[PDB]
Structure formats: C-alpha cells, structure tokens
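**Student:** Here's a structure for you.
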Amino acid sequence: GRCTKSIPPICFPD
C-alpha cells in the first residue's frame, strides 16, 4: 500500500 514521496510515486504491494 505504501508509496514513495517521488513522482511518479512508487507504491509498494502492501
């Protein structure tokens, strides 16, 4: 579910 604070944001499978 998590997501990085970048763009495009890299979201984790969780």
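FYI, nothing fancy with the structure tokens labels: chains A, B, ... in order, residues from 1 per chain, ligands from 1 as they appear.
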Would you pick out the contacts of residue A:12 at 6 Å or less, using only C-alpha atoms, so that residues sharing its chain but fewer than 3 positions from it are not included, and give the list as a PyMOL selection string?
**Tutor:** chain A and resi 1-3
**Student:** Generate the output file for the selected residues, N, CA, C and O atoms, as a PDB file, in the first residue's frame.
**Tutor:**
```pdb
ATOM      1  N   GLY A   1       0.798  -1.221   0.000  1.00  0.00           N
ATOM      2  CA  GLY A   1       0.000   0.000   0.000  1.00  0.00           C
ATOM      3  C   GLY A   1       0.833   1.275   0.000  1.00  0.00           C
ATOM      4  O   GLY A   1       0.461   2.261  -0.637  1.00  0.00           O
ATOM      5  N   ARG A   2       1.953   1.256   0.731  1.00  0.00           N
ATOM      6  CA  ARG A   2       2.848   2.416   0.841  1.00  0.00           C
ATOM      7  C   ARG A   2       3.207   3.009  -0.525  1.00  0.00           C
ATOM      8  O   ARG A   2       3.111   2.338  -1.551  1.00  0.00           O
ATOM      9  N   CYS A   3       3.628   4.275  -0.517  1.00  0.00           N
ATOM     10  CA  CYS A   3       4.017   4.976  -1.742  1.00  0.00           C
ATOM     11  C   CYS A   3       5.149   5.964  -1.456  1.00  0.00           C
ATOM     12  O   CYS A   3       5.128   6.662  -0.439  1.00  0.00           O
TER      13      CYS A   3
END
```
